[PDB]
Amino acid sequence: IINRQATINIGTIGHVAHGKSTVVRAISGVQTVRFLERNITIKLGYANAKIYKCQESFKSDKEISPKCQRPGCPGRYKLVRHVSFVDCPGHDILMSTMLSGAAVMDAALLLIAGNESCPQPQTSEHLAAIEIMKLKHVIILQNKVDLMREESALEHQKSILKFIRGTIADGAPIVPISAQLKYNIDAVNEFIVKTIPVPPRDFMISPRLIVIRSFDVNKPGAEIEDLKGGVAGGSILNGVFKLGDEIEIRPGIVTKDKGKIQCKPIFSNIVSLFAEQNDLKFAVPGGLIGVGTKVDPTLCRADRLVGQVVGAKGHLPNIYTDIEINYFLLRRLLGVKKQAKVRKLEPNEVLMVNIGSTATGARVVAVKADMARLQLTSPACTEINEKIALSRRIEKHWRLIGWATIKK
Amino acid sequence: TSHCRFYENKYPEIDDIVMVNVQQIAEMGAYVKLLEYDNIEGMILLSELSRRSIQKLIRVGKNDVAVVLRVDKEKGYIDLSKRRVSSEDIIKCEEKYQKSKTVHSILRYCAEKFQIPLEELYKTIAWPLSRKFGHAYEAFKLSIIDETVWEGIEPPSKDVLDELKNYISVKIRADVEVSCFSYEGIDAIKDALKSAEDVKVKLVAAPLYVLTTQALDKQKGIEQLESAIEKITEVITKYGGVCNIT
């Protein structure tokens, strides 16, 4: 069996205490990163699934084990795909991480529990976000079905169907699956192969990398004369990387505190790539890879590198402090428990603008009709156009309003 | 079991000094156990004990310095006197007693370890140490400084001797904070370590480094730590990073 890395990024959405990590575990096997130094940087974890098919019935086709002994046929499984999971939490406080996750995602999985209430605002918000950030491949999954009645589940399904009609997602498949009992995952696997294809990707496009997580490889007990370099957990959308290249983290860093800053973006040479489980020479875009570079282990510790752009040497992108946005607003607010009408944008107000993966606070200067000018406090970079989600404050915490695009 | 003589012989001589620990009083005087010559009882009558509150001063537990007058070398009969002892030599006597005590302490570990009689051990020790040199404590001290007295007698147990030596025979904590933002940092850290370690330096997490510096005469630990700090400061300024010292 060949040790091929991740091909396409699949993300999972839900709610707090509903069950997402458990679902992930059921799907794959290797436990999630979340659940001080290691793993702790963002809200998303790190998981990997296997797609191997046995074609020699009905729904049972794909399996989780490398060896086929369970259904009947003793023949070895055929290699189809290998996928990486991006598990994003569905909490009312933390959403920036989710947004960041969304930017890299190509496939989405919705989770709704049976026993709880049918209309949930957070889930709706998530769906809206998915719709916004160039995602159409959505599979609806029912979580807690075993604690539900014979007709109640059907009713719930009907309600769901009624709800999802006016949205961009038209032909979304619905699957009921148990997380604690471990059943009906084969159907899900089959669907993964059926409904979702891999988009065309080539070597010709300039390299662009997005770092979500940060890792330091340090072990207690062992002497200091045996050290390992700083690892940046970064996912790639476009551009193939190989071992032996110069990488730079774009936005900038503060090294001296009197004296104006002039220091260039953080340069680092690649030491080792951590994909799936074992080290590989080539990096196929469409997966999260722990890129171990010559960067400090102290820098890759905690909340320092959350959603930052990474480029290869011989390419020049632009850094902006003032940004030109073309926005579109929604009718009523999504996320609030009760629904409130969206007000027109007022000059000089602190609003959270999420350009791809960056979590930045911006203030509005001029409003016309569709074009808006924003002043940023923390530095941000622009490459092409980018997919932007806008968030405002009305009551206590952040609420989503609509979508935006950079006009440059 | 604790027994055997302290100096050379079981029975004391004439004019020599002995220390006594009193258990019970008021019958004849004090017929109590000795600490300078064996554990055989020595007696004072109610006249030689007083020099100048007569019942209160001694009673139970307290130590007394007394000179030997009458000796009966047959089975164990010693006579003591307190009045004759002069104030000038009392300090000397005390010192001697202390030395004896130390010697006794030294000959206990052996008894404990190899489960063999203490008296035999004492006999084996006293021949080259307590006879040829003078007193035993000084000989022991000499040996510890430069080994010359242990050479005289062959050791039946070297392990015991080693243990004794061990018995006869300062870490200062420091914290250095690392928070670099430069291009290369690991190498710098390694370099720093190569100048700070050579005593014991350990890694805990990522921004904190814990080091324990050993001092010979307690005050010496300040001179090295400061130097190390200076070296660390020198290290990170050139590349373009920062390291802080609390």
# chains A, B, ... in the order shown; residues from 1 in each chain; ligands from 1
$ interface_residues --of "chain B" --to "chain A" --cutoff "12 Å" --atoms "only C-alpha atoms" --output "PyMOL selection string"
chain B and resi 177-194+196-197+200-211+236-237+239-243
$ write_last_selection --atoms "N, CA and C atoms" --output "mmCIF file, in the first residue's frame"
data_model
loop_
_atom_site.group_PDB
_atom_site.id
_atom_site.type_symbol
_atom_site.label_atom_id
_atom_site.label_comp_id
_atom_site.auth_asym_id
_atom_site.auth_seq_id
_atom_site.Cartn_x
_atom_site.Cartn_y
_atom_site.Cartn_z
ATOM 1 N N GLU B 177 14.485 33.394 30.227
ATOM 2 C CA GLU B 177 13.344 33.428 29.307
ATOM 3 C C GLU B 177 13.779 33.683 27.864
ATOM 4 N N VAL B 178 13.287 32.832 26.965
ATOM 5 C CA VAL B 178 13.593 32.893 25.535
ATOM 6 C C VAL B 178 12.301 33.209 24.771
ATOM 7 N N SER B 179 12.326 34.299 23.999
ATOM 8 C CA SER B 179 11.176 34.732 23.192
ATOM 9 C C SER B 179 11.622 35.391 21.877
ATOM 10 N N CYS B 180 12.389 34.635 21.092
ATOM 11 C CA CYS B 180 12.973 35.103 19.827
ATOM 12 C C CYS B 180 11.945 35.269 18.706
ATOM 13 N N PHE B 181 12.246 36.181 17.780
ATOM 14 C CA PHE B 181 11.442 36.403 16.572
ATOM 15 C C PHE B 181 12.303 36.406 15.296
ATOM 16 N N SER B 182 13.559 35.977 15.436
ATOM 17 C CA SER B 182 14.545 35.970 14.346
ATOM 18 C C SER B 182 14.362 34.804 13.361
ATOM 19 N N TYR B 183 15.203 34.777 12.323
ATOM 20 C CA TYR B 183 15.171 33.747 11.275
ATOM 21 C C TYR B 183 15.633 32.388 11.815
ATOM 22 N N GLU B 184 16.869 32.346 12.316
ATOM 23 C CA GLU B 184 17.434 31.161 12.967
ATOM 24 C C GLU B 184 17.542 31.410 14.469
ATOM 25 N N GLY B 185 17.084 30.444 15.261
ATOM 26 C CA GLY B 185 16.980 30.615 16.698
ATOM 27 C C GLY B 185 17.459 29.401 17.446
ATOM 28 N N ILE B 186 17.152 28.222 16.906
ATOM 29 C CA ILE B 186 17.511 26.948 17.528
ATOM 30 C C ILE B 186 19.033 26.851 17.685
ATOM 31 N N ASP B 187 19.737 27.210 16.612
ATOM 32 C CA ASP B 187 21.195 27.194 16.590
ATOM 33 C C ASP B 187 21.757 28.119 17.667
ATOM 34 N N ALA B 188 21.168 29.310 17.760
ATOM 35 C CA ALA B 188 21.561 30.305 18.753
ATOM 36 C C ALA B 188 21.396 29.752 20.166
ATOM 37 N N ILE B 189 20.253 29.104 20.386
ATOM 38 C CA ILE B 189 19.920 28.488 21.669
ATOM 39 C C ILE B 189 20.979 27.439 22.036
ATOM 40 N N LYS B 190 21.322 26.616 21.045
ATOM 41 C CA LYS B 190 22.319 25.563 21.200
ATOM 42 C C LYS B 190 23.666 26.160 21.614
ATOM 43 N N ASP B 191 24.035 27.237 20.924
ATOM 44 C CA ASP B 191 25.278 27.955 21.182
ATOM 45 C C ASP B 191 25.310 28.462 22.626
ATOM 46 N N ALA B 192 24.186 29.042 23.045
ATOM 47 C CA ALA B 192 24.025 29.568 24.394
ATOM 48 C C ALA B 192 24.229 28.460 25.431
ATOM 49 N N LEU B 193 23.599 27.320 25.151
ATOM 50 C CA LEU B 193 23.678 26.142 26.008
ATOM 51 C C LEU B 193 25.127 25.687 26.154
ATOM 52 N N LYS B 194 25.839 25.660 25.023
ATOM 53 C CA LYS B 194 27.255 25.308 24.973
ATOM 54 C C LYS B 194 28.175 26.251 25.789
ATOM 55 N N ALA B 196 26.623 27.971 28.764
ATOM 56 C CA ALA B 196 25.955 28.065 30.066
ATOM 57 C C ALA B 196 26.019 26.773 30.889
ATOM 58 N N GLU B 197 26.008 25.628 30.205
ATOM 59 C CA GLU B 197 25.985 24.310 30.854
ATOM 60 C C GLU B 197 27.333 23.926 31.472
ATOM 61 N N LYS B 200 24.166 21.587 35.888
ATOM 62 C CA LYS B 200 22.984 20.858 35.420
ATOM 63 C C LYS B 200 21.906 21.809 34.897
ATOM 64 N N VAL B 201 21.632 21.712 33.596
ATOM 65 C CA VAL B 201 20.618 22.536 32.920
ATOM 66 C C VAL B 201 19.566 21.617 32.287
ATOM 67 N N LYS B 202 18.295 21.887 32.586
ATOM 68 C CA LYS B 202 17.172 21.077 32.099
ATOM 69 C C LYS B 202 16.108 21.884 31.353
ATOM 70 N N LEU B 203 15.483 21.232 30.370
ATOM 71 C CA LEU B 203 14.380 21.798 29.590
ATOM 72 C C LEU B 203 13.041 21.346 30.177
ATOM 73 N N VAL B 204 12.094 22.281 30.266
ATOM 74 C CA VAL B 204 10.771 22.014 30.851
ATOM 75 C C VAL B 204 9.663 22.064 29.787
ATOM 76 N N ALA B 205 9.502 23.220 29.140
ATOM 77 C CA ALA B 205 8.455 23.423 28.135
ATOM 78 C C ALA B 205 9.003 24.009 26.826
ATOM 79 N N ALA B 206 8.941 25.336 26.679
ATOM 80 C CA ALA B 206 9.431 26.035 25.481
ATOM 81 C C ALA B 206 10.025 27.439 25.742
ATOM 82 N N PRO B 207 9.296 28.339 26.460
ATOM 83 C CA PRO B 207 9.921 29.650 26.690
ATOM 84 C C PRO B 207 10.855 29.714 27.908
ATOM 85 N N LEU B 208 10.740 28.742 28.815
ATOM 86 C CA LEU B 208 11.503 28.733 30.065
ATOM 87 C C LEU B 208 12.611 27.683 30.076
ATOM 88 N N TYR B 209 13.795 28.106 30.518
ATOM 89 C CA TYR B 209 14.943 27.222 30.717
ATOM 90 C C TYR B 209 15.398 27.271 32.173
ATOM 91 N N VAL B 210 15.429 26.101 32.812
ATOM 92 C CA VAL B 210 15.785 25.981 34.230
ATOM 93 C C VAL B 210 17.209 25.435 34.367
ATOM 94 N N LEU B 211 18.047 26.189 35.079
ATOM 95 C CA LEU B 211 19.446 25.825 35.316
ATOM 96 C C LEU B 211 19.829 25.930 36.792
ATOM 97 N N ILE B 236 21.827 36.754 21.312
ATOM 98 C CA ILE B 236 20.616 37.013 20.515
ATOM 99 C C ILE B 236 20.505 38.416 19.875
ATOM 100 N N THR B 237 21.362 39.346 20.305
ATOM 101 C CA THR B 237 21.351 40.734 19.804
ATOM 102 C C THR B 237 21.749 40.881 18.330
ATOM 103 N N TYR B 239 21.533 38.515 15.621
ATOM 104 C CA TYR B 239 20.641 37.918 14.617
ATOM 105 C C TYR B 239 19.361 38.725 14.372
ATOM 106 N N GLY B 240 18.730 39.177 15.456
ATOM 107 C CA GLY B 240 17.490 39.954 15.388
ATOM 108 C C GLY B 240 16.362 39.370 16.220
ATOM 109 N N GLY B 241 16.709 38.883 17.411
ATOM 110 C CA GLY B 241 15.747 38.316 18.357
ATOM 111 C C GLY B 241 15.945 38.837 19.769
ATOM 112 N N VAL B 242 15.029 38.466 20.664
ATOM 113 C CA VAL B 242 15.075 38.903 22.068
ATOM 114 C C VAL B 242 14.996 37.751 23.075
ATOM 115 N N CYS B 243 15.806 37.867 24.127
ATOM 116 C CA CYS B 243 15.800 36.952 25.269
ATOM 117 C C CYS B 243 15.859 37.763 26.564
#
$ residues_around --residues "residue A:303" --least-positions-apart "4" --cutoff "9 Å" --atoms "only C-alpha atoms" --output "PyMOL selection string"
chain A and resi 40-42+214
$ write_last_selection --atoms "N, CA, C and O atoms" --output "mmCIF file, in the first residue's frame"
data_model
loop_
_atom_site.group_PDB
_atom_site.id
_atom_site.type_symbol
_atom_site.label_atom_id
_atom_site.label_comp_id
_atom_site.auth_asym_id
_atom_site.auth_seq_id
_atom_site.Cartn_x
_atom_site.Cartn_y
_atom_site.Cartn_z
ATOM 1 N N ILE A 40 -2.213 23.083 21.049
ATOM 2 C CA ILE A 40 -2.882 24.311 21.493
ATOM 3 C C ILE A 40 -2.408 25.555 20.736
ATOM 4 O O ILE A 40 -1.318 26.084 20.990
ATOM 5 N N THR A 41 -3.242 25.996 19.793
ATOM 6 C CA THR A 41 -3.004 27.195 18.981
ATOM 7 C C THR A 41 -4.325 27.781 18.481
ATOM 8 O O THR A 41 -4.529 28.999 18.526
ATOM 9 N N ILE A 42 -5.214 26.914 18.008
ATOM 10 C CA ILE A 42 -6.511 27.345 17.501
ATOM 11 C C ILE A 42 -7.639 26.501 18.085
ATOM 12 O O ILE A 42 -7.527 25.979 19.194
ATOM 13 N N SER A 214 0.106 25.993 15.150
ATOM 14 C CA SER A 214 1.535 26.108 15.446
ATOM 15 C C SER A 214 1.992 25.023 16.423
ATOM 16 O O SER A 214 1.301 24.728 17.404
#
$ atom_distance --atom1 "atom CA of residue B:63" --atom2 "atom CA of residue B:21"
4.9 Å
$ residues_around --residues "residue A:96" --least-positions-apart "4" --cutoff "8 Å" --atoms "only C-alpha atoms" --output "ChimeraX atom specification"
/A:100,354,357,359
$ write_last_selection --atoms "N, CA, C and O atoms" --output "mmCIF file, in the first residue's frame"
data_model
loop_
_atom_site.group_PDB
_atom_site.id
_atom_site.type_symbol
_atom_site.label_atom_id
_atom_site.label_comp_id
_atom_site.auth_asym_id
_atom_site.auth_seq_id
_atom_site.Cartn_x
_atom_site.Cartn_y
_atom_site.Cartn_z
ATOM 1 N N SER A 100 -11.757 30.507 9.507
ATOM 2 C CA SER A 100 -10.438 30.182 8.974
ATOM 3 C C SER A 100 -10.460 28.807 8.299
ATOM 4 O O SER A 100 -9.965 28.637 7.177
ATOM 5 N N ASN A 354 -13.365 39.315 8.517
ATOM 6 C CA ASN A 354 -12.606 38.081 8.308
ATOM 7 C C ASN A 354 -12.309 37.798 6.835
ATOM 8 O O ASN A 354 -13.140 37.235 6.111
ATOM 9 N N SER A 357 -8.704 33.811 6.300
ATOM 10 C CA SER A 357 -8.309 33.193 7.570
ATOM 11 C C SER A 357 -7.970 34.209 8.668
ATOM 12 O O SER A 357 -7.985 33.868 9.856
ATOM 13 N N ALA A 359 -8.157 37.177 11.338
ATOM 14 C CA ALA A 359 -9.112 37.740 12.292
ATOM 15 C C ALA A 359 -8.681 39.159 12.674
ATOM 16 O O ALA A 359 -7.823 39.355 13.544
#
$ atom_distance --atom1 "atom CA of residue A:389" --atom2 "atom CA of residue A:196"
24.2 Å
$ select_by_dssp --residues "stretch 68-186 of chain A" --states "strand (DSSP E)" --output "list in words"
residues 78, 79, 80, 81, 82, 83, 84, 85, 86, 87, 107, 108, 109, 110, 111, 112, 138, 139, 140, 141, 142, 174, 175 and 176 of chain A
$ atom_distance --atom1 "atom CA of residue A:43" --atom2 "atom CA of residue A:10"
16.0 Å
$ closest_residue --among "A:306, A:242, A:7, A:330" --to "residue A:279" --atoms "only C-alpha atoms"
A:242
$ residues_around --residues "residue A:137" --least-positions-apart "5" --cutoff "8 Å" --atoms "only C-alpha atoms" --output "list in words"
residues 106, 107, 108, 169, 172, 195 and 196 of chain A
$ write_last_selection --atoms "N, CA, C and O atoms" --output "PDB file, in the first residue's frame"
ATOM      1  N   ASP A 106     -13.216  22.251   1.025  1.00  0.00           N
ATOM      2  CA  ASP A 106     -13.808  21.986  -0.291  1.00  0.00           C
ATOM      3  C   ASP A 106     -15.087  21.142  -0.192  1.00  0.00           C
ATOM      4  O   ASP A 106     -15.899  21.124  -1.124  1.00  0.00           O
ATOM      5  N   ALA A 107     -15.251  20.457   0.941  1.00  0.00           N
ATOM      6  CA  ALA A 107     -16.449  19.671   1.251  1.00  0.00           C
ATOM      7  C   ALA A 107     -16.904  19.921   2.690  1.00  0.00           C
ATOM      8  O   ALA A 107     -16.073  20.103   3.585  1.00  0.00           O
ATOM      9  N   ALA A 108     -18.221  19.922   2.900  1.00  0.00           N
ATOM     10  CA  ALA A 108     -18.812  20.222   4.211  1.00  0.00           C
ATOM     11  C   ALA A 108     -19.754  19.126   4.713  1.00  0.00           C
ATOM     12  O   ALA A 108     -20.464  18.494   3.924  1.00  0.00           O
ATOM     13  N   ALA A 169     -27.413  25.368  -1.894  1.00  0.00           N
ATOM     14  CA  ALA A 169     -27.342  23.902  -1.883  1.00  0.00           C
ATOM     15  C   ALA A 169     -28.697  23.289  -2.256  1.00  0.00           C
ATOM     16  O   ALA A 169     -29.681  23.428  -1.519  1.00  0.00           O
ATOM     17  N   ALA A 172     -28.642  18.172  -1.753  1.00  0.00           N
ATOM     18  CA  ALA A 172     -27.884  17.750  -0.576  1.00  0.00           C
ATOM     19  C   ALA A 172     -28.389  16.405  -0.035  1.00  0.00           C
ATOM     20  O   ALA A 172     -29.572  16.284   0.305  1.00  0.00           O
ATOM     21  N   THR A 195     -20.969  11.990  -4.610  1.00  0.00           N
ATOM     22  CA  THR A 195     -21.422  13.380  -4.769  1.00  0.00           C
ATOM     23  C   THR A 195     -20.296  14.407  -4.916  1.00  0.00           C
ATOM     24  O   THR A 195     -20.442  15.376  -5.668  1.00  0.00           O
ATOM     25  N   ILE A 196     -19.190  14.195  -4.199  1.00  0.00           N
ATOM     26  CA  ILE A 196     -18.067  15.142  -4.185  1.00  0.00           C
ATOM     27  C   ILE A 196     -16.942  14.690  -5.131  1.00  0.00           C
ATOM     28  O   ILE A 196     -16.365  13.613  -4.933  1.00  0.00           O
TER      29      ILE A 196
END
$ residues_around --residues "residue B:152" --least-positions-apart "4" --cutoff "10 Å" --atoms "only C-alpha atoms" --output "ChimeraX atom specification"
/B:127-129,148
$ residues_around --residues "stretch 95-111 of chain B" --least-positions-apart "5" --cutoff "12 Å" --atoms "only C-alpha atoms" --output "PyMOL selection string"
chain B and resi 1-8+16-20+34-38+63-66+89-90+116-126+129-130+134-141+155-168
$ residues_around --residues "residue B:45" --least-positions-apart "5" --cutoff "8 Å" --atoms "only C-alpha atoms" --output "list in words"
residues 28, 29 and 30 of chain B
$ closest_residue --among "A:191, A:398, A:46, A:403" --to "residue A:386" --atoms "only C-alpha atoms"
A:403
$ select_by_dssp --residues "stretch 35-122 of chain B" --states "alpha helix (DSSP H)" --output "JSON list (two decimals) with N, CA and C atoms, in the first residue's frame"
[["chain", "number", "residue", "atom", "x", "y", "z"],
["B", 87, "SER", "N", 39.69, 24.00, 87.57],
["B", 87, "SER", "CA", 38.93, 24.67, 86.51],
["B", 87, "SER", "C", 39.69, 24.85, 85.18],
["B", 88, "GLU", "N", 41.02, 24.86, 85.25],
["B", 88, "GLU", "CA", 41.89, 25.08, 84.09],
["B", 88, "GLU", "C", 41.89, 23.90, 83.11],
["B", 89, "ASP", "N", 41.85, 22.68, 83.64],
["B", 89, "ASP", "CA", 41.91, 21.45, 82.85],
["B", 89, "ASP", "C", 40.52, 20.88, 82.51],
["B", 90, "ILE", "N", 39.47, 21.50, 83.07],
["B", 90, "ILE", "CA", 38.09, 21.04, 82.87],
["B", 90, "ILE", "C", 37.73, 21.09, 81.39],
["B", 91, "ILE", "N", 38.11, 22.18, 80.73],
["B", 91, "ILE", "CA", 37.86, 22.37, 79.30],
["B", 91, "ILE", "C", 38.54, 21.25, 78.49],
["B", 92, "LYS", "N", 39.79, 20.96, 78.85],
["B", 92, "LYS", "CA", 40.56, 19.90, 78.21],
["B", 92, "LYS", "C", 39.87, 18.55, 78.35],
["B", 93, "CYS", "N", 39.39, 18.29, 79.57],
["B", 93, "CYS", "CA", 38.67, 17.07, 79.90],
["B", 93, "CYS", "C", 37.44, 16.93, 79.01],
["B", 94, "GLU", "N", 36.70, 18.03, 78.91],
["B", 94, "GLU", "CA", 35.49, 18.10, 78.10],
["B", 94, "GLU", "C", 35.79, 17.77, 76.64],
["B", 95, "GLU", "N", 36.87, 18.36, 76.14],
["B", 95, "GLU", "CA", 37.33, 18.15, 74.78],
["B", 95, "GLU", "C", 37.63, 16.67, 74.53],
["B", 96, "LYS", "N", 38.33, 16.08, 75.50],
["B", 96, "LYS", "CA", 38.70, 14.67, 75.46],
["B", 96, "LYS", "C", 37.45, 13.80, 75.37],
["B", 97, "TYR", "N", 36.48, 14.13, 76.21],
["B", 97, "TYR", "CA", 35.20, 13.43, 76.27],
["B", 97, "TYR", "C", 34.50, 13.48, 74.92],
["B", 98, "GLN", "N", 34.49, 14.68, 74.34],
["B", 98, "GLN", "CA", 33.88, 14.93, 73.04],
["B", 98, "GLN", "C", 34.52, 14.05, 71.97],
["B", 99, "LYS", "N", 35.86, 14.01, 72.01],
["B", 99, "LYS", "CA", 36.65, 13.22, 71.08],
["B", 99, "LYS", "C", 36.27, 11.74, 71.18],
["B", 100, "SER", "N", 36.17, 11.28, 72.42],
["B", 100, "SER", "CA", 35.81, 9.90, 72.73],
["B", 100, "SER", "C", 34.44, 9.56, 72.14],
["B", 101, "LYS", "N", 33.50, 10.49, 72.35],
["B", 101, "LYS", "CA", 32.14, 10.36, 71.85],
["B", 101, "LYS", "C", 32.13, 10.22, 70.33],
["B", 102, "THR", "N", 32.92, 11.08, 69.69],
["B", 102, "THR", "CA", 33.04, 11.09, 68.24],
["B", 102, "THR", "C", 33.57, 9.74, 67.74],
["B", 103, "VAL", "N", 34.59, 9.24, 68.43],
["B", 103, "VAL", "CA", 35.21, 7.95, 68.12],
["B", 103, "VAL", "C", 34.16, 6.84, 68.19],
["B", 104, "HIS", "N", 33.37, 6.88, 69.27],
["B", 104, "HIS", "CA", 32.33, 5.90, 69.50],
["B", 104, "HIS", "C", 31.29, 5.92, 68.37],
["B", 105, "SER", "N", 30.92, 7.14, 67.98],
["B", 105, "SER", "CA", 29.97, 7.35, 66.89],
["B", 105, "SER", "C", 30.49, 6.74, 65.59],
["B", 106, "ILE", "N", 31.78, 6.99, 65.33],
["B", 106, "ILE", "CA", 32.47, 6.46, 64.16],
["B", 106, "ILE", "C", 32.38, 4.92, 64.14],
["B", 109, "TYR", "N", 28.50, 2.43, 62.63],
["B", 109, "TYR", "CA", 28.06, 2.08, 61.28],
["B", 109, "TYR", "C", 28.52, 0.66, 60.92],
["B", 110, "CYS", "N", 29.78, 0.37, 61.25],
["B", 110, "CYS", "CA", 30.38, -0.95, 61.03],
["B", 110, "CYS", "C", 29.57, -2.03, 61.73],
["B", 111, "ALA", "N", 29.25, -1.75, 62.99],
["B", 111, "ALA", "CA", 28.47, -2.66, 63.83],
["B", 111, "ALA", "C", 27.11, -2.94, 63.20],
["B", 112, "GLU", "N", 26.47, -1.86, 62.72],
["B", 112, "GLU", "CA", 25.19, -1.94, 62.05],
["B", 112, "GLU", "C", 25.23, -2.82, 60.78],
["B", 113, "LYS", "N", 26.22, -2.56, 59.92],
["B", 113, "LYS", "CA", 26.24, -3.09, 58.55],
["B", 113, "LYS", "C", 26.47, -4.61, 58.39],
["B", 118, "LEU", "N", 30.86, -5.35, 68.03],
["B", 118, "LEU", "CA", 31.41, -4.00, 68.04],
["B", 118, "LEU", "C", 32.79, -4.00, 68.68],
["B", 119, "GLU", "N", 32.96, -4.82, 69.71],
["B", 119, "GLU", "CA", 34.21, -4.85, 70.48],
["B", 119, "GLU", "C", 35.39, -5.23, 69.60],
["B", 120, "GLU", "N", 35.18, -6.25, 68.77],
["B", 120, "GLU", "CA", 36.19, -6.72, 67.83],
["B", 120, "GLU", "C", 36.59, -5.61, 66.87],
["B", 121, "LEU", "N", 35.57, -4.91, 66.36],
["B", 121, "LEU", "CA", 35.78, -3.79, 65.44],
["B", 121, "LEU", "C", 36.63, -2.70, 66.10],
["B", 122, "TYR", "N", 36.28, -2.40, 67.35],
["B", 122, "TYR", "CA", 36.99, -1.40, 68.15],
["B", 122, "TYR", "C", 38.46, -1.78, 68.29]]
